[PDB]
Amino acid sequence: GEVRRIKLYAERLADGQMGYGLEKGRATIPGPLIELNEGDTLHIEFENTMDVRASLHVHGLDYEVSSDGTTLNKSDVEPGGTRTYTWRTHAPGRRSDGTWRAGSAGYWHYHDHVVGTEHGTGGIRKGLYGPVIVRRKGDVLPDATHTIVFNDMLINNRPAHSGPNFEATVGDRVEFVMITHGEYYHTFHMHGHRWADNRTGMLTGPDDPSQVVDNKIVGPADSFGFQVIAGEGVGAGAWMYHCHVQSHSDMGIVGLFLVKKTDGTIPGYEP
Amino acid sequence: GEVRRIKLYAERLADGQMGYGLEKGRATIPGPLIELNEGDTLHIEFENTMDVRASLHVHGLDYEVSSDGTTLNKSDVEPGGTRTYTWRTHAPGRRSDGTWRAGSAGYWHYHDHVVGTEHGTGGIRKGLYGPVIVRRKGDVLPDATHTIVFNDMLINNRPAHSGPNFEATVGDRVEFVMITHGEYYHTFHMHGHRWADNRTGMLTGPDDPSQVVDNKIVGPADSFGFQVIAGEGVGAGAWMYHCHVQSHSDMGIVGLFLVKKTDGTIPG
Amino acid sequence: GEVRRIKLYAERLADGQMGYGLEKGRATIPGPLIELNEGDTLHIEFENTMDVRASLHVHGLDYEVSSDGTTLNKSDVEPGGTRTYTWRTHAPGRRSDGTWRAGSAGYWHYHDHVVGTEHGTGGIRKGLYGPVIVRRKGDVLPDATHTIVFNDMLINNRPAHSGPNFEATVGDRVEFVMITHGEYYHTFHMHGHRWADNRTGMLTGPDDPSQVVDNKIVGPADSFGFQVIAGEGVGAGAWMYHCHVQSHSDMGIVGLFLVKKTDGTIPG
Ligand SMILES: [Cu+2]
Ligand SMILES: [Cu+2]
Ligand SMILES: [Cu+2]
Ligand SMILES: [Cu+2]
Ligand SMILES: [Cu+2]
Ligand SMILES: [Cu+2]
Ligand SMILES: [Cu+2]
Ligand SMILES: [Cu+2]
Ligand SMILES: [Cu+2]
């Protein structure tokens, strides 16, 4: 597959936060979505603009120790410093010993490994996390992708212990990337929608026995994803997603999946 | 593909509890088991007999925002109010985008979404929860179904952290619905028995790679279920089920799968 | 299968620990690895050398109530006593009614059920746990097996919260058995390697939709395992494994999978 390159910056934002961005002064929490096809190699031209050591570490993908982004493997970045990180991917295939080598495809994530502690406790806390999707040949591609990160008792490090709203139209193929970080377990729930507990979050067919769920227990550095048909069999509406741990939802760990009719309207709701 | 109609009532119960029932004065915790086939529509004539707003919200099934049972969608019920909730279910099928639409089938649950907080924290704590099973055409039906709800540090809101006992005979096909609620994670474990981590809790055949487990980590609003052949390869006995979080078992979060020999006896 | 017999000892160890061993004065935490093929029977002649009641209890495998290792089923062992526990396993196959019977194969574990509490809370905390592997005919066998137990905030009851290092050469087939015990949930993570969320931790082939993961939430009495090709697509190095709950990693719940080049060296 293709050899690609991107630039990534770790920036200190306002309210003491830390973000990854594709451009100087455009950092977000979560970080930009990185999307690769199995076989693709990505060279990340990383610059740490901060006054503290920072790194880039990735789950799931192939990398050498020289791209671990750890102190252990000397692959974190001094303040103002630069480093090229290399992420490789592979397709599934038959090994010489006759076994099936699992591909890179899945819902993954990248995060800092050296801000605050040697495990990135400070960096993760402040917002140095973002989503990676690795696709298999033939995977169904969505109309939109939305990333929801349960980071301690926050969603996407938003204030007032509350999460973002995502808009779609009835019938849209909407993809969710669901990442968890920090100290606590959570349960991710979405009203009016459900997905498969498997690689793609979609049943392959009637010979896929994967449990169909609307609620999933997640812990720190868990990642999964799924695609739904917005409003399928349920209609347009304000469709709550929330942590289902009762004190978490009560704290305001809640967001809206706003599913509009094709005339742009939505049944009346009271946020 | 039948249209069904039931009545459901929310009621205050003894010892500061609340429950759902099919008739006034007959509320239980957990609530009544609702069983549907994929394609069935259920109209629930729900009456809130209580002095606080209350709702019905279901996991997994198809419903419009007018049946959300939330403050957000104004679809909860005033004190002494009545409201018809509609739950729909669908069969799986091939979409016009060539993907496979997951059917409604599975182990699900319903609970209040407005007692105490706008997430039903009070209602759930006090007993407003019950199990829902949606069956696929050709699913294997059990000899009996038993519901185990880990609600905070209780089983089915019973006193003294203790779980109920369920009786079976060796060779019985026994279904468990396992639902978790409240604040805490748990691990559900059963002695002498095991199940598949998949939709039915039963391996479909040799092509089913699902992990076979006797221990499952669960969090609030998780629901799974399974069927076992009682005593299969292990024989009659008092087969403990317990949370496997050590302080949880130690405080009494334990019950018995009492599997009788064909003559009716349990060794011990 | 085959009928196998072993001796097992429960012994007190230095620092108030308790271990199982295959020989007196060779007890380890975790206990010895027990490996069976589906259909095998294992008779364990268990001697409790300690001054308190102790038991042997197994997850996943077939056993009668007389081998429960519980007070409930009067199958624990008096101080200094001996008891023969029997574990059976079965291959999968169709029942007479056409349903698929799952099979014993999996990553399992054995532990004490009577030290400290009637759920073995003290036995487990002190180190009375070990791994069981039940293999299916045609299962891929590894070059080595390493056991990692998250016991409360310890790995394998080691002091100062640290984990063991495990050594391999690039290309080795390395099996990990991952068991959790005690009070807390955890997330197991390995740098530079990944596995399938299914029975074997390896995809059956291109029809297996199991999620591929490098991070798994686990709770008390959870067992899973997997095999990796050491350094596959990533090369030689010090490959960290760690609990991913940030306070757990920060307090030292970390270890190294040391993958050497064929020439015996590792990158700095
Ligand atoms: Cu790490
Ligand atoms: Cu939460
Ligand atoms: Cu990580
Ligand atoms: Cu809700
Ligand atoms: Cu529990
Ligand atoms: Cu809910
Ligand atoms: Cu037990
Ligand atoms: Cu941990
Ligand atoms: Cu146990």
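Numbers and lists here come from the model and the stated rules, or from a named source; no laboratory read-out is quoted. Cβ sites come from the backbone with ideal geometry, for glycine too, and all protein chains shown count toward neighbours.
Below is a table of values for the structure above.
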| item | result |
| --- | --- |
| Failed criterion for B:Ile6 (all others in (1) within 16 Å of ligand 6 (Cβ to nearest atom); (2) more than 13 Å from every other protein chain (Cβ to nearest Cβ) hold) | (1) |
| Among (1) more than 16 Å from ligand 9 (Cβ to nearest atom); (2) buried (at least 19 other Cβ atoms within 10 Å of the Cβ), the one test that C:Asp143 misses | (2) |
| Criterion: in contact (Cβ under 8 Å) with a residue 12 or more places away in the chain and within 22 Å of A:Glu35 (Cβ to Cβ) - qualifying residue of A:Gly81, A:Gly163, A:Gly127, A:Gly138 | A:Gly127 |
| Failed item in (1) part of a loop (DSSP other than H, G, I, E, B); (2) under 27 Å from C:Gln246 (Cβ atoms); (3) facing another protein chain (nearest Cβ under 7 Å); (4) not acidic (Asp, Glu), with A:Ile217 passing the rest | (1) |
| Qualifying positions in segment C:16-41 - over 20 Å from C:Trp87 (Cβ atoms) and either of a type in the set (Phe, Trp, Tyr) or in contact (Cβ under 8 Å) with a residue 40 or more places away in the chain (or both) | C:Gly16, C:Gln17, C:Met18, C:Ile29 |
| Residue match in segment C:175-186 (condition: assigned to a loop (DSSP other than H, G, I, E, B), closer than 29 Å to C:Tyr9 by Cβ and more than 13 Å from every other protein chain (Cβ to nearest Cβ)) | no |
| Subset of segment C:236-251 [surrounded by fewer than 18 Cβ atoms within 10 Å (Cβ to Cβ) and more than 15 Å from ligand 3 (Cβ to nearest atom)] | C:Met251 |
| Test set (1) aromatic (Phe, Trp, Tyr); (2) within 9 Å of another protein chain (Cβ to nearest Cβ); (3) within 19 Å of the chain's Cα centre (by Cα) - B:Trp100 fails condition number | (3) |
| Neighbours by Cβ (under 6 Å, 6+ apart or cross-chain): first from segment B:42-66, within 13 Å of another protein chain (Cβ to nearest Cβ) and more than 16 Å from ligand 2 (Cβ to nearest atom); second small (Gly, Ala, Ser) and in a loop (DSSP other than H, G, I, E, B) | B:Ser55/B:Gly69; B:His57/B:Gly69; B:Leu61/B:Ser104; B:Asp62/A:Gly233; B:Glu64/A:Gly235; B:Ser66/B:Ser75 |
| Selected residue [touching a residue at least 60 places away in the same chain (Cβ under 8 Å) and not assigned by TED's automatic domain parsing to the domain that holds C:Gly106] from C:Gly233, C:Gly237, C:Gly219, C:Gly252 | C:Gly252 |
| Strands (runs of 3 or more DSSP E) within segment B:1-57 that include 1 or more residues assigned by TED's automatic domain parsing to the domain that holds B:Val114 and basic (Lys, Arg) | B:3-13 |
| Residue within segment B:73-84 that is hydroxyl-bearing (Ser, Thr, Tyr), closer than 15 Å to B:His113 by Cβ and touching a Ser or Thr at 6+ places or on another chain (Cβ under 8 Å) present | yes |
| Criterion (closer than 30 Å to C:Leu141 by Cβ and touching a residue at least 12 places away in the same chain (Cβ under 8 Å)) met by exactly one of A:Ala91, A:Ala102 | A:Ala91 |
| Filtered residues of segment B:8-50 (kept if of a type in the set (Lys, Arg) and surrounded by 15 or more Cβ atoms within 10 Å (Cβ to Cβ)) | B:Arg12 |
| Per-region count, segment A:58-79, residues in a strand (DSSP E or B) and within 8 Å of chain C (Cβ to nearest Cβ) | 1 |
| The lone exception for A:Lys137 - which of (1) within 14 Å of chain C (Cβ to nearest Cβ); (2) part of a strand (DSSP E or B) it fails | (2) |
| Odd one out for C:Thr117, checked against (1) within 11 Å of chain B (Cβ to nearest Cβ); (2) away from ligand 5 (no atom under 16 Å from the Cβ) | (2) |
| Boolean, A:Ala230 is touching a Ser or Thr at 6+ places or on another chain (Cβ under 8 Å), more than 12 Å from chain B (Cβ to nearest Cβ), small (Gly, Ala, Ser) and on the phi > 0 side of the Ramachandran plot | no |
| Residue check, C:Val259 of a type in the set (A, V, I, L, M) and more than 23 Å from the chain's Cα centre (by Cα) | no |
| Residue within segment A:256-265 that is touching a strand residue (DSSP E or B) at 6+ places or on another chain (Cβ under 6 Å), of a type outside the set (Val, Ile, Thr) and in a loop (DSSP other than H, G, I, E, B) present | no |
| So A:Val177, is it touching a residue at least 60 places away in the same chain (Cβ under 8 Å), within 16 Å of ligand 3 (Cβ to nearest atom) and within 10 Å of chain B (Cβ to nearest Cβ) | no |
| Flag if A:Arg88 is crowded, with 21+ Cβ neighbours inside 10 Å and among the charged types (D, E, K, R) | no |
| Segment A:96-124, residues that are under 15 Å from the mean Cα position of the chain (by Cα) and either basic (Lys, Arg) or under 22 Å from A:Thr41 (Cα atoms) (or both) | A:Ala105, A:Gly106, A:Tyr107, A:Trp108, A:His109, A:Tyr110, A:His111, A:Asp112 |
| In segment C:121-152, residue nearest to B:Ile253 (Cα to Cα) [restricted to those that are assigned to a loop (DSSP other than H, G, I, E, B) and touching a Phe, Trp or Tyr at 6+ places or on another chain (Cβ under 9 Å)] | C:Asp152 |
| Residues satisfying the stated conditions in segment A:233-257, i.e. more than 20 Å from the chain's Cα centre (by Cα) and either more than 14 Å from ligand 6 (Cβ to nearest atom) or on the phi > 0 side of the Ramachandran plot (or both) | A:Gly233, A:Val234, A:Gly235, A:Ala236, A:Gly237, A:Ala238, A:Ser247, A:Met251, A:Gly252 |
| Total residues in segment C:71-96, condition assigned to a loop (DSSP other than H, G, I, E, B), within 8 Å of chain B (Cβ to nearest Cβ) and more than 16 Å from ligand 7 (Cβ to nearest atom) | 3 |
| Among the residues listed as B:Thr200, B:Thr204, B:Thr262, the single one being surrounded by fewer than 21 Cβ atoms within 10 Å (Cβ to Cβ) and either more than 8 Å from chain C (Cβ to nearest Cβ) or among the aliphatic types (A, V, I, L, M) (or both) | B:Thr262 |
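Residue-by-condition table, conditions (1) outside the structural domain of A:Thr200 (by TED's automatic domain parsing); (2) buried (at least 21 other Cβ atoms within 10 Å of the Cβ):
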site	(1), (2)
A:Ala221	no, yes
A:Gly225	no, yes
A:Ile229	no, no
A:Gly237	no, yes
A:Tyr241	no, yes
A:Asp250	no, no
A:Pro267	yes, no
